[PDB]
Amino acid sequence: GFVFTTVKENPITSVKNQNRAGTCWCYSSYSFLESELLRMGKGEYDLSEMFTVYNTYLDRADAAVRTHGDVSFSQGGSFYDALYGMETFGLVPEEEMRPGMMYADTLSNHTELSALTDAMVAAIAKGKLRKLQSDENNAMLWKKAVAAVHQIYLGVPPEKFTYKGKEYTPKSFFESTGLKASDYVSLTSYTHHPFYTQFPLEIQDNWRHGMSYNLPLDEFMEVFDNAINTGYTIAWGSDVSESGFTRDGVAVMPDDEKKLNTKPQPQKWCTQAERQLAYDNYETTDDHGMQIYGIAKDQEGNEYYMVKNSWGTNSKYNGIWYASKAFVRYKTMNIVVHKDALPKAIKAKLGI
Amino acid sequence: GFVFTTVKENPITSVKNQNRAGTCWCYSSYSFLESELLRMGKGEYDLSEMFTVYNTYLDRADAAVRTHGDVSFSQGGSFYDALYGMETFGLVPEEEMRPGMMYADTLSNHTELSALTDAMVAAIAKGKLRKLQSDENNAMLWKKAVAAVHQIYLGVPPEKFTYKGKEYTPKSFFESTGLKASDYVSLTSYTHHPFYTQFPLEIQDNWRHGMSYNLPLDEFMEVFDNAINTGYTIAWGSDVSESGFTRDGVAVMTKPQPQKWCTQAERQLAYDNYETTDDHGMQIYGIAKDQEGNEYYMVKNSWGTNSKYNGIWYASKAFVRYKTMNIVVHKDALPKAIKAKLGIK
Amino acid sequence: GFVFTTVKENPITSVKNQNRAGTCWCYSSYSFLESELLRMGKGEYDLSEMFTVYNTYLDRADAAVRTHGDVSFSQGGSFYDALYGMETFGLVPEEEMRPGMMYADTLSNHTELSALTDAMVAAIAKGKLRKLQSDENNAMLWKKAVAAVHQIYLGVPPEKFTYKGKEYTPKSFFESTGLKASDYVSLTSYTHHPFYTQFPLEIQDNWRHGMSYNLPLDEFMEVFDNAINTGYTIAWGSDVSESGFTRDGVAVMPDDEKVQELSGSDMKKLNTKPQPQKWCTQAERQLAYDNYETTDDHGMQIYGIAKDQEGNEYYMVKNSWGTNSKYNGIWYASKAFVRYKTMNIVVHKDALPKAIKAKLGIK
Amino acid sequence: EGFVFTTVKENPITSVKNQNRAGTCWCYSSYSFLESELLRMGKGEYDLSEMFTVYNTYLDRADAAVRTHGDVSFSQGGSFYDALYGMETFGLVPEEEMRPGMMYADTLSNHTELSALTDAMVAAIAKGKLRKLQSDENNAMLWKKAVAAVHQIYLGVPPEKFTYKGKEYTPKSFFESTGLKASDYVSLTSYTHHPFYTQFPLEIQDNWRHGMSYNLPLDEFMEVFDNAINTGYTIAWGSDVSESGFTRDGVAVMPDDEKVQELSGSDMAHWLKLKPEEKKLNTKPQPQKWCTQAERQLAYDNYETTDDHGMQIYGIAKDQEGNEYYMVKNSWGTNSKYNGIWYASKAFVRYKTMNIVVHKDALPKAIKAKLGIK
Amino acid sequence: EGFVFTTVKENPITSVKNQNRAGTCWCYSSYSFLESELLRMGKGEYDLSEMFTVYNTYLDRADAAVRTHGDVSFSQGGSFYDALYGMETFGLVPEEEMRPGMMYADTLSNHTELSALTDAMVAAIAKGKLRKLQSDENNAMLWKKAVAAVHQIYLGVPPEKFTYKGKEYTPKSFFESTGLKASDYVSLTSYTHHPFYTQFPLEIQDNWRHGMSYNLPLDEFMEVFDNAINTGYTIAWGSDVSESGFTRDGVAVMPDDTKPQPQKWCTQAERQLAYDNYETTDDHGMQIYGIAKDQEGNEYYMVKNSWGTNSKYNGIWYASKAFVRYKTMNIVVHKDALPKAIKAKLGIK
Ligand SMILES: *CC(=O)CNC(=O)CCCC[C@H]1SC[C@@H]2NC(=O)N[C@@H]21
Ligand SMILES: *CC(=O)CNC(=O)CCCC[C@H]1SC[C@@H]2NC(=O)N[C@@H]21
Ligand SMILES: *CC(=O)CNC(=O)CCCC[C@H]1SC[C@@H]2NC(=O)N[C@@H]21
Ligand SMILES: *CC(=O)CNC(=O)CCCC[C@H]1SC[C@@H]2NC(=O)N[C@@H]21
Ligand SMILES: *CC(=O)CNC(=O)CCCC[C@H]1SC[C@@H]2NC(=O)N[C@@H]21
Ligand SMILES: [K+]
Ligand SMILES: [K+]
Ligand SMILES: [K+]
Ligand SMILES: [K+]
Ligand SMILES: [K+]
Ligand SMILES: [K+]
Ligand SMILES: [K+]
Ligand SMILES: [K+]
Ligand SMILES: [K+]
């Protein structure tokens, strides 16, 4: 087994539990932004994923119907979904739309919701209907249907609510936090687009085509180490379907110089080409969005990152995993950080 | 019946025949680009659609695979594929890659090609393979195979060739035309996005997600008339499915009758409810009048010349107002006032 | 445990490794033809399976398309595919067409290749196309595509090559053998055809419909023991998906009844130690073939005879699964198991007993 | 302005039969041919039972599908070789002993429900998940009993003995009394994916028995048709009939579209948009395309010539303009312009024939020798 | 040891039977029940042929699938009502005149191949595109001949006449010699999507005959169990057993989330939700024939199953009264097993 010492942490909020839903993109976004609110000085916040999970789905439904089934309709999503939704739909406190409130529960189970809405969206998007029906205001009946089924399972979005004495709209509540989409940028590292460029990652949950900035794998890993040591958290989207990623709370990248996962061992540090290949050949897919809040060493001096997951606190380190550098550099798909976490030099190469 | 008289037309090249493939996007784009080369004094070109179709399908296959099948793999394309293609792949003359050359024909029939390539792309993009194979230089084998099958049915793309006594590459040939993708804007008119912004049209053949400037409908149609009256032609993407231009070479809303002039909401309705779909690409190159004063855009099609007007036909202004999905024009074809509200230099 | 003593074995070449492809039919065929070349005093050969696997698949694709999908398109095959191929396509040394060279590997993994080529062949053979395309010389476009894809994953087969100071074509390299397909006969033992006649085994991988001579099962086993005691090896096709065939190197047909006669009324060691064996009648063997218990013609090579502690007789088999097994790629198949589960064998004509040869009309 | 035919020479045939709603042409054409053969050999008029042979053939085809795990398709078709092998293996019985339709109050076959049931039964065995098929204490397969029982329910119980014109027979002894011999008959084809003057099994689905055909150059292959007819023999004729030239009105022609378009008035561009009724391509005598060995090969290779239909060629005729046709006895009843007879132009036969069976003595002597047929 | 049981009161059962590889629990449990009824009525021990009844019921179930164009599923299951209707309609035969496995050289059922063919045959008629099924000159349907002939090939020829303990019978006259009457048995259930003291057909796929059950409030429903056992009757017991764990130790018990543990005692509504939300399905048929207690005094119904005797209690096992109350779907008892007052509340004379 492993024993880990913390080298450096930055404040996070409590550990949340997405339970039975592919909502990691939203719980990790909010985990990341809550940490940002703490460091900006706004106090502790608990935002409602269910509210923008709800709204993102209706748009995605619309996108699947426009593209006649090309845009897959599924539970997942992106960091960009949250940043966009925040400026578009607003934000509400968790208290106004909690997981599981409609089926006598306290945590999400979205399996039946998906069974119904997947079939509905597919009956429109991939069926044989030649002319979809609308009302006298040209509003579509199938979107009423889809939105109504989502509210039956997720709750009805508040149009107005009271929070800590003052009443809000989701927009004005969003303005109360003082977050701006522009402050944060998405970064990645691949060779099938030129470096220091903008491209939308070619993954199904990026159906909105959110753009990402493209660094070489060594500058890319310098923003991670810089962001931590200057006091920032990172929204970390990565591939966690790996023999190295454990349910015992550790994500390593063992070598063949060696019980590869159970005890500390030499790490395999990847070139840029070995890494691009894994994304081209399906060994690296957009599995999971989490939050990395700092740095640590194990009992042999090997270096790891402190990640906060969205699976509750029933695990070896109460819902926290340790992700090794060799793992984070091989299998990261994108990270969203705030601009001020970039080094000056890295920021400079094509960056305001 | 209809009797038309031309009001104004700008030069076009000859009518081509796409035959049996859904390559209208490329054929119309090249009719539009060739007209542009005439406008700019560069003379008459016949560009190879097959060459651009070839390279576009390879990128579409890679998009299908990367998105695990979400990007459909089909014969279709957009005006942006041709514009992106020329800057990315270059151009070659017609005779360097002709339709039908590999199966003893002179016109396209891509049904077998699609049947084989559709099955290969899906076996990768929607199968169960978890580690796709690569050579010792990290080049993917499935890409080699999809390209190899495309070459067997469409031809080996030239790396160099001689054209009117001068040697080129596809890149240096394109450079010799002086065309710039930066000169062309895409325009559309819808209410599910704000006017005077850019969004990418939500249609399966825009898998590259090329942006269009969104204009209110009355100004959208001002661009049509202004482009034609000042010497430009128009790359024209529209739903022709229900139009009945198959019967007489005319599209209306068989005698001249008053056209229902659509509002912005009725036209947004048809797009939202699937009545306006299957974006077909052609070229608008003039304005004509029927014997009762009604107004039509003259359309160059890519279905050959065995039709009532020898491959051209007429689309009433109203029809074009209702069923257009996007157009591509030179920047200089936009009126000064409209151009300024979009930030276009 | 098991302890084995060799009674008589005949030289084989080294144990090869087919890895992740259903190409046992070709590796076993070549294990047998290389043992043949050794026994004709021609030296140790390593013929290229990939060259023959490549050409076999193009024929098999053509058979699928001509029959509109009835001939299944898959990775398997038969000994006849190899003897047909040696005389139709030629032969090349291993070095000219290696497993895995196209995808930075040293052993085969044909899963992605099959993924692609199964889908292409099915798009033609089971699709709705009414007029396949062809070029100015009437050569079919689909065939070219299929061939180009096989080349990308397996290799470009050589037109000419140099081997030990001499240069060859695959054809001329095969004439360099002295091997003649007419020298080898296929034998089986079933009762849905009369004995001493020829019929094509009704199995999917016999899509060329190679004939086999049908023997009574007792004379069928005589051929085994004579072939081998007289110096020959056997190309051995049988079903190995049985309780008795194990990954621990043993293939037994144990009589579960006479085992459970010793010390119990059981509710344990039926394959991990010498045991009594069921000796099948011609009828029980027919039943398992009729009822799907004997299937999946897996190909291997028999080269030796051995006994265990209690004198039971076993055939020594050379597998094509590598050398990380209990006996470094060698299995032991009891004579009872072979008699029950064999689908067909190929031997040289002169390995037959004289009366068996005369009864089958073999010159 | 249609077709008017005059017979040049035809040889005796029995009456036109009607296979109706079943894919049994192979056995109907085979028995049209064998009945002409018995007439030719002086044995008189027979009406052999197709249903008997269809019944036993499908049981063999079911077994083939099961042994090959569904590779051998199970469907209604068949081959000439099915019937020749059949007469020597199962025997023959007279029509009266197993009539079409008799089990479902009908006089003509409708095998749609029989196929619906037995295709589904055969596929449940051959392509399903069963790992050990069941057997009784004599090792007979239960699935074969079930498939036999359902075939008997829709087609009838085959006789083991019957009386015919005062004499009791079994199927085998009735076959023996006709004096037919399968070894008297040869199958011939003409393709180039195998060398000439060899035998190979045509690679088509209904040849699941892999019956062989002798391969001839196209011109020699056509000489056989003529020599057979002109010396008193008839021809079992396996052909593609899915062509615009093969019509419901008793004609099979192979027009040269270019030529007809040049005889006509309109140029190429107008003609492409002319009316099919105005083209008159299949309704009057027209110049024929006369294919090469290679064009014939390409159509087989490329799916334009498929194994569609078995019939009997028994004569040679001319139309009012002197063009030549083979006379074809079909098996679809007599409600058609020529009472169930088709006239197939020589061009059509040369281009779309898949294989033929004739008695060995129908072969021209020099061709017989090239084939090694003694 | 975990569970140690003491019998409080059990009623005579015949030997434990083995349905082996077929979903014929409905018929084996029906006959366990009816054989106990025969013992109770003083007629002695019988061994009735499930295969005879299974054969005739599938031919009816195939007809029901064909008439509803595939809505009635065709599968191996069935109901107690199938057996009660069957005995009045087809008769009964002794086990020896139609044994499991006899046609394929076994002694136990394996109906996998039989289903593979007959499922495919029934679907080809009921779900295909045939517009006019074929009939003979007497208007008997050929597809029914086909399906009948295939069932006989795998299950045997049903006897028309046979001799048993020295007397010759037909299936009907053997049934009459037992003295059993379908009218003597009532079907009971407990749900709230229909009113209490009414009859309705349970909405489960194996009740394609739409046999009616009387609906009782849960407490009165359990009172019938105890009354039947304590006055000497047994119970045809249909319930969900899927997630119960009886396989491991012979014991079905109610999870509060090996050893006797506290049992959640469900309400009518808790029991209703599980039938509405799919937690209670796969009605499995067995026989309850006694009452037992464990070492700590908790009470169980004794269950006779039909899977042979290679289990911890030799084919018998124990269900807590709480499990039985939560997971039972329907029961059949003789009318005289009902308390007088429940009898009156349902109008049963
Ligand atoms: C990025 C994500 O949210 C996916 N990561 C997760 O941890 C969620 C997956 C857990 C598996 C659950 S969700 C869907 C499925 N249905 C169910 O009842 N359990 C499964
Ligand atoms: C915008 C497009 O290209 C679709 N428009 C067309 O005009 C395509 C027309 C050719 C029709 C061909 S395509 C595939 C199909 N297969 C065939 O043999 N004819 C059809
Ligand atoms: C006669 C044969 O070759 C049958 N197969 C073997 O002997 C062992 C190799 C099969 C294992 C491979 S085949 C295709 C499949 N795909 C994969 O990755 N492993 C499997
Ligand atoms: C060689 C053949 O027998 C091909 N078929 C024919 O020549 C005539 C058959 C007409 C098509 C019938 S068969 C079965 C199907 N069911 C129906 O009602 N009509 C179809
Ligand atoms: C109410 C029932 O009969 C379901 N209960 C059972 O005990 C049936 C389970 C036996 C398992 C057999 S039956 C069908 C399936 N096919 C097979 O070969 N084993 C399975
Ligand atoms: K939260
Ligand atoms: K992975
Ligand atoms: K062109
Ligand atoms: K080798
Ligand atoms: K087996
Ligand atoms: K007849
Ligand atoms: K045809
Ligand atoms: K019984
Ligand atoms: K349950």
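So you know, we letter chains A, B, ... as the sequences are listed, proteins then strands, and number each from 1.
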Identify which of [options] forms the greatest number of heavy-atom pairs closer than 4.5 Å to chain D.
{"options": "C:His192, C:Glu293, C:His209", "result": "C:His209"}
{"options": "C:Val65, C:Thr295, C:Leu201, C:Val71", "result": "C:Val65"}
{"options": "C:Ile203, C:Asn206, C:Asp290", "result": "C:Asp290"}

Tell me, do D:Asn302 and C:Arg130 make a side-chain contact under 4.5 Å, heavy atoms counted?
no
Is there a side-chain contact between D:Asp71 and C:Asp70, using heavy atoms and a 4.5 Å cut-off?
no
The single option from C:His68, C:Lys131, C:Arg66 that satisfies side-chain contact (heavy atoms from CB on, under 4.5 Å) with D:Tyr303 is C:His68
Within a 6.0 Å radius of atom NZ on C:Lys143, are there more than 12 heavy atoms belonging to other residues, nucleotides or ligands?
yes
Step by step, work out the side chain to side chain contact (heavy atoms under 4.5 Å, CB included) result for D:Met141 and C:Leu287.
CA-CA 9 Å; D:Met141 295 312 106; C:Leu287 176 60; 3.5 Å; yes
Non-hydrogen atoms of chain C under 4.5 Å away: do they reach the side chain of D:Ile125, the backbone, both or neither?
both
